[PDB]
Amino acid sequence: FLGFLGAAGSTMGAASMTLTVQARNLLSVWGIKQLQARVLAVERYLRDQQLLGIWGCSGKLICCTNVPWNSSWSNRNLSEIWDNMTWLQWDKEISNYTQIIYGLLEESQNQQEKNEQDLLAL
Amino acid sequence: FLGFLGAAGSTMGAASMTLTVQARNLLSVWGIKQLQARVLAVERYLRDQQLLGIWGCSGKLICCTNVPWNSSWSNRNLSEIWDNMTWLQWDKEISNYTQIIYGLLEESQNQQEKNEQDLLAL
Amino acid sequence: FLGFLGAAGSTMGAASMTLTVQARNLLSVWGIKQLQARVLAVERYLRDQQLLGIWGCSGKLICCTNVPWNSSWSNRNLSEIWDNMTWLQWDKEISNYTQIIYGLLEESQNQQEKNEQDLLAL
Amino acid sequence: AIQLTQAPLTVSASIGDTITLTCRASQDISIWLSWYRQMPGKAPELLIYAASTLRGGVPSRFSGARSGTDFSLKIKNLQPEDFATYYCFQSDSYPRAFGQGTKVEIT
Amino acid sequence: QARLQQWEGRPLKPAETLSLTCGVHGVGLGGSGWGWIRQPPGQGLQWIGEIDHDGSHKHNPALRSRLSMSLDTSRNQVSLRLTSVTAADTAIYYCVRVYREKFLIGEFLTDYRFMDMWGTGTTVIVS
Amino acid sequence: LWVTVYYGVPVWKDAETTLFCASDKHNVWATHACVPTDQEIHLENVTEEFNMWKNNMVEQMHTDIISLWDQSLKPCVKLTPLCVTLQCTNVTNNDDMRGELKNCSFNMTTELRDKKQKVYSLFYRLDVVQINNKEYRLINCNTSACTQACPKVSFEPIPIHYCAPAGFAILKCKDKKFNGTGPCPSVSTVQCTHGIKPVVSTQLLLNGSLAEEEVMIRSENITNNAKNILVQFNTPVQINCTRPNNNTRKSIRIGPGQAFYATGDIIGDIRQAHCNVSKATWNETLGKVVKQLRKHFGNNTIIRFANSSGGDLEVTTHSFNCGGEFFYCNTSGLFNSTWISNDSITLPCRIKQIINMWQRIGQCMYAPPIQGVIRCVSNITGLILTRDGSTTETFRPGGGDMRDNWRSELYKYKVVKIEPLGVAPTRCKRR
Amino acid sequence: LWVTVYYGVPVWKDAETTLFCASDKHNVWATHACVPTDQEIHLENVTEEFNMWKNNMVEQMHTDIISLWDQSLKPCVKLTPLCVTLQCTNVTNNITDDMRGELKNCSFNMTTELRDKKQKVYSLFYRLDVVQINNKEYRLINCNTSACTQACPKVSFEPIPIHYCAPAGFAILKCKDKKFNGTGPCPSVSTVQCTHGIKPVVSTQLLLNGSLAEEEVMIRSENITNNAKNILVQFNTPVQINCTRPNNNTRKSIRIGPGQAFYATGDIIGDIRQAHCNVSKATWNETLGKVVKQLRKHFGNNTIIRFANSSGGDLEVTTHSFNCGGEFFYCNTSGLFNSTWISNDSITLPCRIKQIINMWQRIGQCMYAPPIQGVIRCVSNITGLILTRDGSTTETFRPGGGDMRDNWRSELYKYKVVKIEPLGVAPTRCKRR
Amino acid sequence: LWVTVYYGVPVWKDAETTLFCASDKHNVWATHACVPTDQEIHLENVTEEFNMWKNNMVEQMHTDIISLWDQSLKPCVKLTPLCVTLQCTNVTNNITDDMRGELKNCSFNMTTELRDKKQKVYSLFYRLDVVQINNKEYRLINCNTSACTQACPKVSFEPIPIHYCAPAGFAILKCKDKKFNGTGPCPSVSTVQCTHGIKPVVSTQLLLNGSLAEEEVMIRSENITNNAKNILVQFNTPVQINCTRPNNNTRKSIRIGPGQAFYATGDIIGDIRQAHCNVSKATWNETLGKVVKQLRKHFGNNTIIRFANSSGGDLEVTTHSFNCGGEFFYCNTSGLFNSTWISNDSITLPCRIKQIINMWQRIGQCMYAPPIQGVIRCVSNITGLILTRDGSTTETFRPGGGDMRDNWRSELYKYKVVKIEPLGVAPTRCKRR
Ligand SMILES: *[C@@H]1O[C@H](CO)[C@@H](O[C@@H]2O[C@H](CO)[C@@H](O[C@@H]3O[C@H](CO[C@H]4O[C@H](CO)[C@@H](O)[C@H](O)[C@@H]4O[C@@H]4O[C@H](CO)[C@@H](O[C@@H]5O[C@H](CO)[C@H](O)[C@H](O)[C@H]5O)[C@H](O)[C@H]4NC(C)=O)[C@@H](O)[C@H](O[C@H]4O[C@H](CO)[C@@H](O)[C@H](O)[C@@H]4O[C@H]4O[C@H](CO)[C@@H](O)[C@H](O)[C@@H]4O)[C@@H]3O)[C@H](O)[C@H]2NC(C)=O)[C@H](O)[C@H]1NC(C)=O
Ligand SMILES: *[C@@H]1O[C@H](CO)[C@@H](O)[C@H](O)[C@H]1NC(C)=O
Ligand SMILES: *[C@@H]1O[C@H](CO)[C@@H](O)[C@H](O)[C@H]1NC(C)=O
Ligand SMILES: *[C@@H]1O[C@H](CO)[C@@H](O)[C@H](O)[C@H]1NC(C)=O
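Chains as they are written, first to last, in the authors' numbering: chain D, 519 to 546, 570 to 663; chain F, 519 to 546, 570 to 663; chain B, 519 to 546, 570 to 663; chain L, 1 to 107; chain H, 1 to 82, 82A to 82C, 83 to 100, 100A to 100L, 101 to 112; chain A, 34 to 57, 65 to 78, 82 to 137, 148 to 185, 188 to 309, 312 to 323, 323A, 324 to 397, 411 to 458, 463 to 504; chain E, 34 to 57, 65 to 78, 82 to 138, 147 to 185, 188 to 309, 312 to 323, 323A, 324 to 397, 411 to 458, 463 to 504; chain C, 34 to 57, 65 to 78, 82 to 138, 147 to 185, 188 to 309, 312 to 323, 323A, 324 to 397, 411 to 458, 463 to 504.
Listed below in structure tokens is the structure:
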């Protein structure tokens, strides 16, 4: 057990063993300063849970999607991402491709929402 | 892309393809007043997500359920509901049958929870 | 219908059919008192929803898990647990082992989250 | 209202006599009844208030009595300045009332 | 030297306003109460009305709605404004100070008002 | 057997939390710092352990009743100019109310800063301290300045309901023989408490809630004489107040927009302020108290009621508020009896205008005179007794600590924290 | 057909919430606390029921404007030492006939920075600020009701546009109909992030610096047949009004205590002239002609429309009370409303300046507006009216005011706050497996 | 490859947020209202960029320390009555030539609890607190600017450690590199829930009771080449300085109102002596030698390092102003910085004591520190300097200060607040069925 952010320097493969360590630490006039920080943490957490929910990933730390990885975002092979890079390095490389990926995941789920809704009526 | 509440005047069938647009906007003298407006937004959002989870619709935007449609609630056919009515008109029609439907969904899932609990016991 | 906490004296088997009743009652100078109690109710609710998420129990009230019962936590059989004890009597019995089970459920889901993740790669 | 009856309306006595004046009330006005003397042509002046207390400067000859209904005023050692018209005034009920006036003269 | 002085208002025509004024010297309008007493010729005295220490206006029932009094604290003057004067209102008007002394009956304390100080006289004749 | 997770189980732990007010002319404990109200669910087979002596609702209600008191006094007049030298003479110069008063004359500020104002007022002898027509000064003038009790806010207690937030529940003990501690066979979950009137009083629990079947004796440790005994009656004992005087409130302009209300004159019935308790009703009520009090000390013991020992006037007297004017009644004829195995009792009451209410120093309050005659009808629904440290047990009246007054209304309530996440074995197996 | 649950449906309902401020030297209506602004979505086929007379944004704005007002008057000087006997003479030094016995040269003893010492100072007070007590002795008009808080010299009274923005889960619906009369179904509705810049201009009898109508003069009343209801007129073209305070007032600082200064009028540099406002006679007569035209649609074509001046009451309600430059004018609009209508030149309105200001109609709260150095000129826009009708074929309309919520009802008439209800259930051929 | 979403990844971005208290008789920094404390996670392979000069924890701490200071002074005696004319004579009783003219014996008419009664009292005022008006008449220096809220005699000024803890979703990164210049990459980063106990010791020209460097003296400047930037020196071993006020003060309570009381110096019991501080001549000379050695690394080996005393300005910036024992000292510190360096004994620094304190460079908010009864002795550690360089082959370093953000920049240099970004998308061969 490494602790909170312990695997920050580990490779992306090893840092994914401990996603629950960081997940549980995101949630928990001088009274207002403390009180407004508590509200900020709650609405910041809920916006991330809402994003997972609309991608069909709610309640999952690791979620597989139906969006193929366009090589324009990153053309590095799978072996040099999960065993050579850390998550901090990766976030800086796909930072500008983050929003276009977010739209694709949202468009992939509501396509599956309607396709399953249509198929369920047959 | 229409925008927030853009399909308010659109038909129920057409407005159901833009549920994500309204969903993502329900979460996010000028001190405590502005702070208690954020806490009210979170509480209103969390009690709506709680209802979906109780009905077995957690993490979904379109959730087909098992409760049959009592014709007393609305005798209209599907053609003139999803292609002739808007969601504001529809809400007006069944505003009084909302609470009895909510209880039906709540108990139906509670029956499904114990039905799958017993099936897994074998 | 018994009401909120009405089945507190009911046996564990009878009190598990009224979980929706207690679940929906966990969410809803002198202005911060009202406001800080609301934020603490939201934070506590999200902590228990987060725990269910990392155990694979998100959106479920009864969640059968893969963690075996050690019988060092309670040697009583199912007949005398679900038909004689109540949830208050049971809570005072496994209070010592609560954090032991809470760790096993999290660990089992994380292993199950990847075994299913590695299964989709074939 | 309260009506005060003062009798006799005219009592005559010479210098150096003793007279008693009567003022009968309708209800019981406790002891709140003051006495005023009006010299002919002058203005009335306070003699006795609360039916027993002498005003500052009034000689000790003047004296009142009774705290029920039949209020009385007694004058001793009559002098020419005492031959005036006396009035009894109640102060119990807010519709205030005066007596009819007892004209004291010489025989 | 404490005296109440009031001056003649001359004869007045019938069905008019009767304006009286009393001059308070030696003492002041505060603390006591100030009222008006008349005397028709060949008759006894009659109570018109008073303002008590509280500033509250006691009026005689006989003179209905035609009574109005005021106190000039700045000038130490008491005013009377009888209206619609009829020939029966021909009387000498006096200004009085109803002074409050507290007399203790067996268990009860009362404010006793006893018209301490009288004016000189204002012969009012209407014709 | 496998672990299965149940969310929403009816499990609760003891907890301390912030309960919010609820209520159904401004008040000290106004409805502007409370919430509109709207309920009770009987929890069968549930036997919870209550403790009225370590209850945090009592400690929180004490804080909130104080907080609403100060919050209601800030916006109105502070009587800093009332610390002048007073030239006080007697009112009677001879058993009456007028022997309790000093006729004090002083120079007061005017609404114009450069002008003074020679005024006078009748001050109670309990509010003026001599300086050595003598020279006096107001009693709380070397300790603080007295914020005038604002004339448009009433001291009448309105019922307030303390309601638990989300995730908490209030457990109500419905047992009729529940003293204050131990298991309670009949429990209920109320949304929140009955209307608890914050009646502030000492030595006697005026108004409030009666016992159900018999007089209840409630002490933290009945064998410890340092612990107050909270007696609760089953039938109320009616007590009638009065201040027979017809007071005359007088207004003094001490500054721009600020007025000081003073007793200008006192007339009418000058008998001393008093309270009447029926002699027959009080005798049979002490008989019930003694009967329920021999159960803890013996059948052959001698129960003797004496009067208050000593201390402040707020603790030696039945201090209370009635009609906006604060009384301090002797209650030495109430508690005077020895018990072996139409008529009325008149308690002479003093009155004060400068009030240090919550046993504090540095925050007084000037209660302005109440115009007219004050009359009073209250129910004595309890007592606060202290025992003396032999076959004779002496019970003197007690008090001082205002928490024992509200501990007598919040004895049956308890706040719990719902723990809705529980695990248990079942034949399940996740697929 | 089975029940299907949809989350995120475009459904709303009427609701009341605490909208928060936003805004694009300190200000009374603090924009530092307001969040910065950023937006409008047209809602085709949507017909919404508006009601400007039951709108809660107006009631909330009134509370917010008052609260932002008295919270900005907390930290600065309270003029309780100014309640003294002033020994005032008249300014007759270069006074015009109109402004004769309107400024009073009052001398008084003030407290010094040192408690024990005294200070003999003089100041010029308007006749509207001092009342005589019986050179003559006067005192400030509000010293028997309350002590007056000096308006803080660094805070600004200039209205800064503010945007009332709805929290998450709420929407503001904007009625884009150009002939909306404030009540009834609006067939052209759009959703905005939040409202346009609504300047909190405090005024009376005339809506200054407001928003103009799109097509024609809009007459809006809660019940047009009820005379007791105020009538809100909105102009399609503005009528500029030129304000002025010709006196060259000099501001003098009096040190009345440790850390406290009182700003007093030293002396006018020049001749004493009356403050006035100019409204173009041709433009005003033209605008009233347009007002009457749309005012005949509710009373008839043959109805005689008469404009009279204010019936009576307080100076704040009988006069065009407003504020610009920091000084509070109370102008006499009896020259604007004097005409009867049947089927280069300018109008000068003599104004009066006042310094002890109580504007939210709250007895017990003053504000001493300090003198403004120099000469004040001011150009506004008359973009509306607040008329009142008298209780025959002749209708008499008199300017109204006092109630400040009618000034902001003329800006928030097109807005509406709704609460999004995104949980909807509808039948479908689905069946959960 | 398919996009797969990971939640809870260890990714952080730099961010600013409100950190809260933690703390393991009341204090000015109200740690009773602050939550209790409790945890060190080492972050291997993590290299993070730090910047102590653009660290928002410093700006937040400055605001919090100021806000905690003027909060403990709200329920304290406002000394408005003390602004009177004080007829002052010179204490010449047992005075030392050094203390000749520093203490003044000031008599004045003070208010009493009774509004109509005065009070002739007296007090020994330091010369720095009273300014003469032209026995002679004086008045307190704080009377044409503000009124001093007397420091409550029970609220303590002793700096107790506080911890600034990041809220949920934020992390505090701690650079564990022992040779960190406060900028650039840090090879040894660790995360903590919050910081070590940072005592808010308020001082100028000398960082007292701070944290010591691990190995060598550290010179941290925003940029050395710029003289306008302060230089934060940090010692590896402490230099202890012994403060003392030999005078035996007597605290005399004066009742100036109902409640309100004013504590005045009554009489010094015995000899009068000057306050001073002692720094070992050997220890200070050694420490400056270490400072110069590590200061030559930025100015060359052949340069001449000259230490001079403060240039000029207020007494707060020209003197080592500090507080310990409850009295506020202002020590000369010209014998500390007087040397030119080429490639048992003690130093006594004469200190002056004020009682009217403008603490945070704020003007109009003063505080009267009540006299401390007895003799004050104080032993603290000099754990740093705040030098300033002036624009040849020699460089002159004069002590600086004034800006209190540099005092707490010497403790928060190793800490950094980051925002955890737990949502990350990566490619994998997995596919959703
Ligand atoms: C608590 O303590 C309080 C004291 O702190 C008690 O209150 C006091 O109670 C006293 C007894 O009731 C009362 O005394 C009575 O005063 C009468 C005069 O009234 C005064 O005082 C008022 C005070 O509020 C003032 O408001 C009045 O204005 C008046 O004062 C006047 O004021 C003038 C200025 O406005 C002065 O200047 C005069 O102005 C004129 C204007 O034209 C002229 O210029 C004059 O030249 C100029 O002088 C006056 O100087 C001043 N006058 C004063 C001071 O007298 C007074 O008449 C009462 O005495 C008489 O009557 C009683 C009853 O008959 C007798 O027993 C006395 O012997 C005396 O009678 C003699 O005189 C009368 C004529 O007046 C004759 O008819 C009679 O035959 C006798 O010859 C009496 O003294 C106090 O005034 C009052 N004080 C206050 C502060 O209110 C309070 O009761 C106590 N409360 C309790 C509960 O115990
Ligand atoms: C740091 O990197 C080394 C080498 O790759 C690795 O063995 C180690 O686990 C890493 N440390 C952490 C905490 O991930
Ligand atoms: C405003 O318009 C609506 C709809 O046309 C109408 O019902 C209402 O009466 C109008 N109000 C007035 C005052 O004319
Ligand atoms: C501090 O040291 C780091 C690491 O070498 C370097 O990048 C940075 O420029 C230095 N800063 C200064 C001001 O010298």
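Think of the CB as a built atom: it goes at the ideal place given N, C-alpha and C, for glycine as much as any other residue.
In the DSSP assignment, residue 171 of chain E falls within the unbroken beta strand (DSSP E) covering 169–177.
Taking 8 Å as the Cβ-Cβ cut-off, the region 573–591 of chain B approaches chain A at 574, 575, 577, 578, 579, 581, 582, 585, 586 and 589, given in chain order. Around the C-beta of residue 427 of chain A, fewer than 16 other C-beta atoms lie within 10 Å, and the residue is accordingly described as exposed.
For residue 100F of chain H, the residues of chain A that pass the 7 Å Cβ criterion are 323A, 324 and 326, in the order they occur in the chain. Residue 541 of chain B reaches chain F at 591, 594 and 595, counting residues in chain order whose Cβ is nearer than 9 Å.
Fewer than three pairs of CB atoms, one per stretch, sit closer than 8 Å, so the region 245–254 of chain C makes no contact with the region 611–621 of chain D. Looking only at A:218, A:166, A:178 and A:185, the smallest Cα-Cα distance to residue 192 of chain E is reached by A:166. With 5 Å as the limit, the residues whose C-beta approaches a heavy atom of ligand 4 more closely than that are C:234, C:236 and C:237, in chain order. Just so you know, the alpha carbons of residue 41 of chain C and residue 114 of chain E end up roughly 44 Å apart.
Residue 658 of chain B reaches chain D at 603 and 605, counting residues in chain order whose Cβ is nearer than 7 Å. Here residue 238 of chain E is exposed: its Cβ has fewer than 16 other Cβ atoms, across all protein chains shown, within 10 Å. Just so you know, the alpha carbons of residue 442 of chain A and residue 475 of chain A end up roughly 28 Å apart. With a cutoff of 6 Å, residue 98 of chain C does not count as near ligand 2, since its C-beta is closer than that to no heavy atom of the ligand. Per DSSP, the beta bridge partners of residue 237 of chain C are C:93.
The residue among A:174, A:227, A:304 and A:117 with its C-alpha nearest the C-alpha of residue 158 of chain A is A:174. Rounded to whole angstroms, the Cβ separation of residue 48 of chain A and residue 488 of chain A is 6 Å, and the two are in contact under 8 Å. Note that the C-beta distance between residue 433 of chain C and residue 313 of chain E is not below 7 Å. Three or more beta-carbon pairs separated by less than 8 Å link the region 577–589 of chain D to the region 218–226 of chain C, which places the two stretches in contact. Chain order gives no chain F residues near residue 531 of chain B, where near means a beta carbon separation below 9 Å; the closest approach is about 10 Å. Residue 62 of chain H counts as exposed, since fewer than 16 other C-beta atoms from the protein chains shown sit within 10 angstroms of its C-beta.
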